[PDB]
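Single-structure report; data block below.
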Amino acid sequence: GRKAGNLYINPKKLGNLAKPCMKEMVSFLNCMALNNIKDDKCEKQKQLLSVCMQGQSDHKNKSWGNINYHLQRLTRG
Amino acid sequence: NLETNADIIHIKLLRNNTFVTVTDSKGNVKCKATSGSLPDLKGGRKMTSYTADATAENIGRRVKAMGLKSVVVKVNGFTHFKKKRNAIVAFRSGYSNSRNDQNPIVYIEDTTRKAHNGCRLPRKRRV
Amino acid sequence: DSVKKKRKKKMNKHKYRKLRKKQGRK
Amino acid sequence: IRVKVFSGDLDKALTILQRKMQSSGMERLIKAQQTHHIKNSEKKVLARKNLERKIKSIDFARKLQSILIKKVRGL
Amino acid sequence: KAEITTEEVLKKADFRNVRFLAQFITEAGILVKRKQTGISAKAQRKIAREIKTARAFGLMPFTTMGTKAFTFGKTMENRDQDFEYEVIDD
RNA sequence: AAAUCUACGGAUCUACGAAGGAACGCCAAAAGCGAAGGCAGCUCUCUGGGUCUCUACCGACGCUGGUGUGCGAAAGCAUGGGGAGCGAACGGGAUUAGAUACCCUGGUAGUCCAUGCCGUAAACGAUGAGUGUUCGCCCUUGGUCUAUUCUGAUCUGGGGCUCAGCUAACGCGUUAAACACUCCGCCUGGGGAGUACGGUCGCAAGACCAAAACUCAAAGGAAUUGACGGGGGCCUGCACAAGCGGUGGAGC
Ligand SMILES: [K+]
Ligand SMILES: [K+]
Ligand SMILES: [K+]
Ligand SMILES: [Mg+2]
Ligand SMILES: [Mg+2]
Ligand SMILES: [Mg+2]
Ligand SMILES: [Mg+2]
Ligand SMILES: [Mg+2]
Ligand SMILES: [Mg+2]
Ligand SMILES: [Mg+2]
Ligand SMILES: [Mg+2]
Ligand SMILES: [Mg+2]
Ligand SMILES: [Mg+2]
Ligand SMILES: [Mg+2]
Ligand SMILES: [Mg+2]
Ligand SMILES: [Mg+2]
Ligand SMILES: [Mg+2]
Ligand SMILES: [Mg+2]
Ligand SMILES: [Mg+2]
Ligand SMILES: [Mg+2]
Ligand SMILES: [Mg+2]
Ligand SMILES: [Mg+2]
C-alpha cells in the first residue's frame with residue numbers, strides 16, 4: 001500500500017467515484033420496459049435525461065486536494 | 001376520525017431474493033412478488049439492488065391498482081440501511097407515478113432480529 | 001524450526017504412517 | 001423500531017428511522033452478522049487486528065485534535 | 001447528559017427496581033456500554049446481571065425489534081391502537 | 001455460469017400454534033479467575049484458591065527437585081441414551097486435458113449427556129521454578145489511608161512507552177532477553193531418524209525410553225542490495241477504447 005508516515009488524507013475517501021445520472025437513465029429505461037420501447041408519453045424522463053447533460057456541462061472535474069500540504073506544514077510547525 | 005386496521009407491506013430483503021407481500025392486519029396474504037417472478041428479468045443474477053427496487057416498484061403499482069389508501073411498511077433483512085431506504089422510496093414510486101400523489105405509508109418499522117448464538121453456521125467457502 | 005525444515009519431518013511421518021497402515025494389517 | 005410519519009413527509013420519517021437505528025446500536029449488530037462460521041482461533045486474530053487499527057486511529061485523532069486546538073484558541 | 005454515579009447504582013441496582021433499570025437499555029432493547037455512563041466495572045457488572053435476572057423473570061424485554069418501545073408501567077400488547085392513523089388529510 | 005435437488009399432492013412468502021436439540025447476542029475487553037489444559041444466560045446448594053488492614057499468634061517451620069504420583073484442548077475407543085444445526089466417509093450435479101479436490105446438492109460416524117480408556121498438540125510468551133537489586137512517564141482490576149470536592153499516598157495483578165544495561169541482528173527493557181545467585185530438564189554438524197531392536201503401558205489406535213551401518217562438506221539464523229508476486233498505492237503507452245485501411249483467401 002502507501003508508505004505509512006506523518007498524516008495523509010486520501011482525496012477519494014468520500015463519495016466521488018459516482019458518475020452522475022445513473023438513476024435517471026435507469027428510470028428512463030424503466031419507462032421503455034413498461035411501454036414496450038416507445039419514446040412517447042414519457043417525455044418528462046427525456047427532459048430529465050437532457051437536463052442531466054446540461055448540468056453535467058455545468059459541473060466540471062472538482063475536488064479539494066490541497067489538504068495534505070496544510071496538514072504537513074502545520075504538523076511540522 | 002382515526003381508523004385502526006391498516007394494510008401491511010412486508011419487505012424481506014434476503015441475499016438472493018427479495019420478497020414483498022401485501023397482507024391485512026391479521027396476516028392474510030392478498031398478493032405477493034419475488035425477484036424471479038418479474039416479467040422482464042430473465043435469469044442470471046438476483047442480488048443486485050435493481051431486483052429489489054424493481055420488485056418494490058411492481059408491488060407499488062399493484063397496490064395502487066387495488067385501491068388501497070393506508071399501508072404500514074415492515075422491513076426485514078441483514079443489510080445496510082441504504083438498501084431498505086431505497087426499497088421504501090421505490091415502493092412510494094410504484095404507488096405514485098411522479099412522487100406527487102399523497103403518501104399511503106402511515107408507519108415504517110424494522111423487524112430484524114438476531115439469533116442469540118443459536119445454531120452453528122455453515123463452513124467458509126474456499127473459492 | 002522453519003517450515004522448510006518442518007516439511008521434511010511432515011513427509012517422513014506421512015510415509016511412515018502409510019507403511020505402518022500397510023504392513024501392520026497382517 | 002417504528003417511526004410514525006407526519007403530514008406525509010416520508011423523507012423526514014426515513015431520516016429519523018435511520019438515526020434511531022444508528023443511535024440504538026442495532027446497526028452495528030446488523031452489520032456484524034456473519035455468513036459463515038469462524039473458530040475462536042480466528043476470532044482472536046480478528047480482535048487483535050481490530051485493536052491495532054483502533055490504536056492507529058487513536059493516535060491520528062489525538063495528533064489532529066492537538067494541532068487543531070493549538071491554533072484555534074488564540075495561538 | 002443524565003447524571004448517574006457508581007454509589008447510586010450500587011444502592012439502587014436490583015431486578016425489582018425496573019423503573020431504575022430502564023435507564024440502561026436502548027430502543028433496540030440492548031444494554032448500554034460502560035463508556036457512555038462513566039460508572040465503574042463493578043457497577044456495570046451489577047447492572048448487567050440484574051437486567052438479565054429481570055429479563056428471565058419477565059419484567060423487561062429481551063429484545064424490542066418487531067415490537068413497540070419499552071417504557072415502564074404500560075402494556076406490551078399489540079392492540080389495534082398501535083397503528084392509529086389519520087384519514088382527514090385525504 | 002449452470003445443473004442435481006425441491007415445488008400444482010400447492011412450495012417460497014404471511015399470521016398463530018406444537019415438538020426437539022445445541023449454543024448463550026447486547027454487557028465485552030491489550031478487562032476477570034485458574035498450576036497448566038481451560039472457564040460466558042440466570043437462581044440456589046456445597047467447595048478450592050486469592051487480595052487488603054491489624055500496637056493479633058507462632059518462630060526459619062524455607063526454595064528446587066532424578067526415580068515416583070496426580071491433572072491434562074481436540075480427535076479417537078467401549079456400554080447405554082439423544083440427534084435440531086454443522087459435517088470425515090459415501091451418492092449425485094458441475095469445472096477440467098484428467099479432478100479420487102476446490103464450487104453446488106443430499107448425508108452416515110462424530111460433535112451432545114452418564115460411566116470409563118488413551119495421554120498427545122505450533123500443549124507457544126517458540127522465554128523452567130525461585131530469591132535480591134536497578135531512572136522514570138502514561139492507562140487499568142480490587143482494596144486501604146488521607147481528602148479539602150478534586151484530588152494525593154500505599155499495596156495487588158494486568159498493559160502501552162522508555163534512561164541505562166544487554167543483544168549477531170530483529171529486539172528485551174521493574175511481569176527483562178539487565179546486574180548476580182540456588183536447584184532441575186535438555187544441546188554438541190546435516191541426512192539416515194524420532195527410524196530399527198528391546199522392555200513397560202493400552203481393548204485397540206498407539207505412547208514413553210531411543211541407536212547403528214552408510215553418506216555429504218556443508219545444513220542453518222538475522223539483516224542488506226536486486227529481481228519476482230494470479231499482493232497494494234500513484235501514474236503512463238495506436239497496448240486497449242473510438243474510427244479508417246490492410247494481411248491470412250486468388251494470381252504474380
Ligand atoms: K495467586
Ligand atoms: K516444596
Ligand atoms: K518497545
Ligand atoms: Mg529449534
Ligand atoms: Mg491471572
Ligand atoms: Mg472428545
Ligand atoms: Mg454411541
Ligand atoms: Mg460439503
Ligand atoms: Mg465427485
Ligand atoms: Mg446437510
Ligand atoms: Mg511434545
Ligand atoms: Mg494454548
Ligand atoms: Mg521445573
Ligand atoms: Mg487503585
Ligand atoms: Mg505494578
Ligand atoms: Mg543505549
Ligand atoms: Mg524483580
Ligand atoms: Mg539471548
Ligand atoms: Mg512419535
Ligand atoms: Mg516397538
Ligand atoms: Mg481498436
Ligand atoms: Mg495471399
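A note on labels: chains of the C-alpha cells are A, B, ... as shown, every chain counts residues from 1, and ligands are counted from 1 in their shown order.
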Q: Give the residue list for ligand 1 at 12 Å, counting only C-alpha atoms (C1' of nucleotides) and all ligand atoms, as an MDAnalysis selection string, sorted by chain and then by residue number.
A: chainID F and resid 33:35 49:51 156:157
Q. Residues of chain E within 9 Å of chain B, using only C-alpha atoms, as a list in words?
A.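 The contacting residues on chain E are residues 63, 64, 65, 66, 67, 80, 81, 82, 83, 84, 85, 86, 87, 88 and 90 of chain E.
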Write a file of the just-selected residues containing C-alpha atoms, as a CSV table (one decimal), in the first residue's frame.
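Saved result, result_37.csv, follows:
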```csv
chain,number,residue,atom,x,y,z
E,63,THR,CA,-35.4,-7.5,22.5
E,64,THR,CA,-37.7,-4.8,21.1
E,65,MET,CA,-37.3,-5.4,17.4
E,66,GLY,CA,-40.7,-6.1,15.9
E,67,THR,CA,-42.5,-4.7,19.0
E,80,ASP,CA,-55.4,-2.0,17.4
E,81,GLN,CA,-54.4,1.3,18.8
E,82,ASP,CA,-50.7,0.7,18.0
E,83,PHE,CA,-51.2,1.8,14.4
E,84,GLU,CA,-53.9,4.5,14.6
E,85,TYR,CA,-53.7,6.9,11.7
E,86,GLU,CA,-55.5,9.9,10.0
E,87,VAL,CA,-57.8,9.9,7.1
E,88,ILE,CA,-59.0,13.6,7.0
E,90,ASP,CA,-57.1,12.7,2.1
```
(Q) Residues of chain A within 8 Å of chain D, counting only C-alpha atoms - could you list those as an MDAnalysis selection string? (A) chainID A and resid 7 74:75
Could the residues in this selection be written to a file with N, CA and C atoms, as a short mmCIF file (atom, residue, chain, number, x, y, z; two decimals), in the first residue's frame?
```
data_model
loop_
_atom_site.label_atom_id
_atom_site.label_comp_id
_atom_site.auth_asym_id
_atom_site.auth_seq_id
_atom_site.Cartn_x
_atom_site.Cartn_y
_atom_site.Cartn_z
N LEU A 7 0.91 12.41 8.31
CA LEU A 7 -0.54 12.43 8.19
C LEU A 7 -0.90 12.54 6.72
N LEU A 74 1.55 22.43 8.91
CA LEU A 74 1.17 22.75 10.28
C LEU A 74 1.60 21.68 11.28
N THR A 75 1.82 20.44 10.83
CA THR A 75 2.38 19.44 11.73
C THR A 75 3.85 19.71 11.99
#
```
Q: Produce as an NGL selection string the set of residues near ligand 2, where near means within 12 Å with only C-alpha atoms (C1' of nucleotides) and all ligand atoms considered.
A: :F and (62-65 or 129-130 or 183)
Q: Give as a ChimeraX atom specification the residues surrounding ligand 20 up to a distance of 10 Å, considering only C-alpha atoms (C1' of nucleotides) and all ligand atoms.
A: /F:196-199
Q: Kindly compile the residues surrounding ligand 15 within 12 Å, counting only C-alpha atoms (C1' of nucleotides) and all ligand atoms, and format them as a ChimeraX atom specification.
A: /F:140-141,155-159,174-175
For the selection you just gave me, I'd like the residues written to a file as a PDB file, in the first residue's frame, keeping N, CA and C atoms (P, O5', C5', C4', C3', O3' and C1' of nucleotides).
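Once everything was written out, this is again02.pdb:
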```pdb
ATOM      1  P     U F 140      -7.544   5.037  33.926  1.00  0.00           P
ATOM      2  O5'   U F 140      -7.751   3.480  34.157  1.00  0.00           O
ATOM      3  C5'   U F 140      -8.326   2.661  33.152  1.00  0.00           C
ATOM      4  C4'   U F 140      -8.003   1.209  33.381  1.00  0.00           C
ATOM      5  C3'   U F 140      -8.393   0.645  34.733  1.00  0.00           C
ATOM      6  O3'   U F 140      -9.763   0.307  34.812  1.00  0.00           O
ATOM      7  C1'   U F 140      -6.197  -0.032  34.201  1.00  0.00           C
ATOM      8  P     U F 141     -10.491   0.235  36.236  1.00  0.00           P
ATOM      9  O5'   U F 141     -10.167  -1.227  36.764  1.00  0.00           O
ATOM     10  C5'   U F 141     -10.614  -2.371  36.060  1.00  0.00           C
ATOM     11  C4'   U F 141     -10.326  -3.635  36.827  1.00  0.00           C
ATOM     12  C3'   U F 141     -10.683  -3.620  38.300  1.00  0.00           C
ATOM     13  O3'   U F 141     -12.063  -3.812  38.542  1.00  0.00           O
ATOM     14  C1'   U F 141      -8.537  -4.557  38.020  1.00  0.00           C
ATOM     15  P     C F 155       4.258   0.402  48.454  1.00  0.00           P
ATOM     16  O5'   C F 155       3.433  -0.839  48.997  1.00  0.00           O
ATOM     17  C5'   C F 155       3.225  -1.968  48.175  1.00  0.00           C
ATOM     18  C4'   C F 155       1.994  -2.728  48.576  1.00  0.00           C
ATOM     19  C3'   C F 155       1.522  -3.754  47.573  1.00  0.00           C
ATOM     20  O3'   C F 155       2.258  -4.959  47.643  1.00  0.00           O
ATOM     21  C1'   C F 155      -0.319  -2.488  48.337  1.00  0.00           C
ATOM     22  P     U F 156       2.764  -5.669  46.299  1.00  0.00           P
ATOM     23  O5'   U F 156       1.424  -6.185  45.624  1.00  0.00           O
ATOM     24  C5'   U F 156       0.627  -7.171  46.257  1.00  0.00           C
ATOM     25  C4'   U F 156      -0.674  -7.368  45.528  1.00  0.00           C
ATOM     26  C3'   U F 156      -0.556  -7.602  44.038  1.00  0.00           C
ATOM     27  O3'   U F 156      -0.180  -8.922  43.710  1.00  0.00           O
ATOM     28  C1'   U F 156      -2.239  -6.007  44.447  1.00  0.00           C
ATOM     29  P     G F 157       1.202  -9.172  42.941  1.00  0.00           P
ATOM     30  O5'   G F 157       0.827  -8.947  41.413  1.00  0.00           O
ATOM     31  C5'   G F 157       0.520 -10.048  40.579  1.00  0.00           C
ATOM     32  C4'   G F 157      -0.786  -9.856  39.856  1.00  0.00           C
ATOM     33  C3'   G F 157      -0.694  -9.461  38.396  1.00  0.00           C
ATOM     34  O3'   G F 157      -0.389 -10.549  37.548  1.00  0.00           O
ATOM     35  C1'   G F 157      -2.339  -8.155  39.461  1.00  0.00           C
ATOM     36  P     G F 158       0.565 -10.332  36.281  1.00  0.00           P
ATOM     37  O5'   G F 158      -0.313  -9.462  35.279  1.00  0.00           O
ATOM     38  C5'   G F 158      -1.463 -10.010  34.660  1.00  0.00           C
ATOM     39  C4'   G F 158      -2.320  -8.951  34.010  1.00  0.00           C
ATOM     40  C3'   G F 158      -1.787  -8.319  32.737  1.00  0.00           C
ATOM     41  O3'   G F 158      -1.980  -9.142  31.599  1.00  0.00           O
ATOM     42  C1'   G F 158      -2.738  -6.659  34.146  1.00  0.00           C
ATOM     43  P     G F 159      -1.030  -9.019  30.311  1.00  0.00           P
ATOM     44  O5'   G F 159      -1.225  -7.521  29.809  1.00  0.00           O
ATOM     45  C5'   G F 159      -0.151  -6.766  29.266  1.00  0.00           C
ATOM     46  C4'   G F 159      -0.638  -5.434  28.755  1.00  0.00           C
ATOM     47  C3'   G F 159       0.383  -4.548  28.073  1.00  0.00           C
ATOM     48  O3'   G F 159       0.659  -4.933  26.740  1.00  0.00           O
ATOM     49  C1'   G F 159      -0.908  -3.255  29.557  1.00  0.00           C
ATOM     50  P     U F 174       9.799  -3.251  32.221  1.00  0.00           P
ATOM     51  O5'   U F 174       9.732  -3.516  33.781  1.00  0.00           O
ATOM     52  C5'   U F 174       9.726  -4.838  34.302  1.00  0.00           C
ATOM     53  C4'   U F 174       9.776  -4.855  35.813  1.00  0.00           C
ATOM     54  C3'   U F 174       8.716  -4.019  36.525  1.00  0.00           C
ATOM     55  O3'   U F 174       8.345  -4.668  37.736  1.00  0.00           O
ATOM     56  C1'   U F 174      10.860  -3.282  37.164  1.00  0.00           C
ATOM     57  P     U F 175       6.973  -5.487  37.827  1.00  0.00           P
ATOM     58  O5'   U F 175       7.204  -6.725  36.866  1.00  0.00           O
ATOM     59  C5'   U F 175       7.395  -8.025  37.404  1.00  0.00           C
ATOM     60  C4'   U F 175       7.211  -9.106  36.369  1.00  0.00           C
ATOM     61  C3'   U F 175       8.051  -8.968  35.099  1.00  0.00           C
ATOM     62  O3'   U F 175       8.449 -10.266  34.670  1.00  0.00           O
ATOM     63  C1'   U F 175       5.774  -9.100  34.527  1.00  0.00           C
TER      64        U F 175
END
```
Within 8 Å of ligand 22 (only C-alpha atoms (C1' of nucleotides) and all ligand atoms), residues as a PDB file with N, CA and C atoms (P, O5', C5', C4', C3', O3' and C1' of nucleotides), in the first residue's frame:
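The result, written out as selection05.pdb:
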```pdb
ATOM      1  P     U F 247      -4.720  -6.923 -48.432  1.00  0.00           P
ATOM      2  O5'   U F 247      -3.898  -7.753 -47.362  1.00  0.00           O
ATOM      3  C5'   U F 247      -2.494  -7.610 -47.260  1.00  0.00           C
ATOM      4  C4'   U F 247      -1.930  -8.500 -46.188  1.00  0.00           C
ATOM      5  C3'   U F 247      -2.376  -9.946 -46.220  1.00  0.00           C
ATOM      6  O3'   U F 247      -1.724 -10.736 -47.194  1.00  0.00           O
ATOM      7  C1'   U F 247      -2.528  -9.148 -44.024  1.00  0.00           C
ATOM      8  P     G F 248      -2.529 -11.932 -47.899  1.00  0.00           P
ATOM      9  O5'   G F 248      -2.867 -12.928 -46.709  1.00  0.00           O
ATOM     10  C5'   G F 248      -1.868 -13.747 -46.126  1.00  0.00           C
ATOM     11  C4'   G F 248      -2.469 -14.716 -45.145  1.00  0.00           C
ATOM     12  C3'   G F 248      -3.561 -15.608 -45.703  1.00  0.00           C
ATOM     13  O3'   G F 248      -3.049 -16.745 -46.358  1.00  0.00           O
ATOM     14  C1'   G F 248      -4.308 -14.636 -43.699  1.00  0.00           C
ATOM     15  P     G F 249      -3.278 -16.923 -47.929  1.00  0.00           P
ATOM     16  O5'   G F 249      -4.857 -16.899 -48.074  1.00  0.00           O
ATOM     17  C5'   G F 249      -5.636 -18.043 -47.781  1.00  0.00           C
ATOM     18  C4'   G F 249      -6.898 -18.044 -48.601  1.00  0.00           C
ATOM     19  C3'   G F 249      -6.700 -17.836 -50.089  1.00  0.00           C
ATOM     20  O3'   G F 249      -6.334 -19.021 -50.766  1.00  0.00           O
ATOM     21  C1'   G F 249      -8.401 -16.400 -49.329  1.00  0.00           C
ATOM     22  P     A F 250      -5.104 -19.011 -51.793  1.00  0.00           P
ATOM     23  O5'   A F 250      -5.635 -18.137 -53.008  1.00  0.00           O
ATOM     24  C5'   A F 250      -6.737 -18.568 -53.789  1.00  0.00           C
ATOM     25  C4'   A F 250      -6.797 -17.836 -55.101  1.00  0.00           C
ATOM     26  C3'   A F 250      -5.470 -17.644 -55.810  1.00  0.00           C
ATOM     27  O3'   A F 250      -5.107 -18.779 -56.578  1.00  0.00           O
ATOM     28  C1'   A F 250      -6.695 -15.607 -55.801  1.00  0.00           C
TER      29        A F 250
END
```
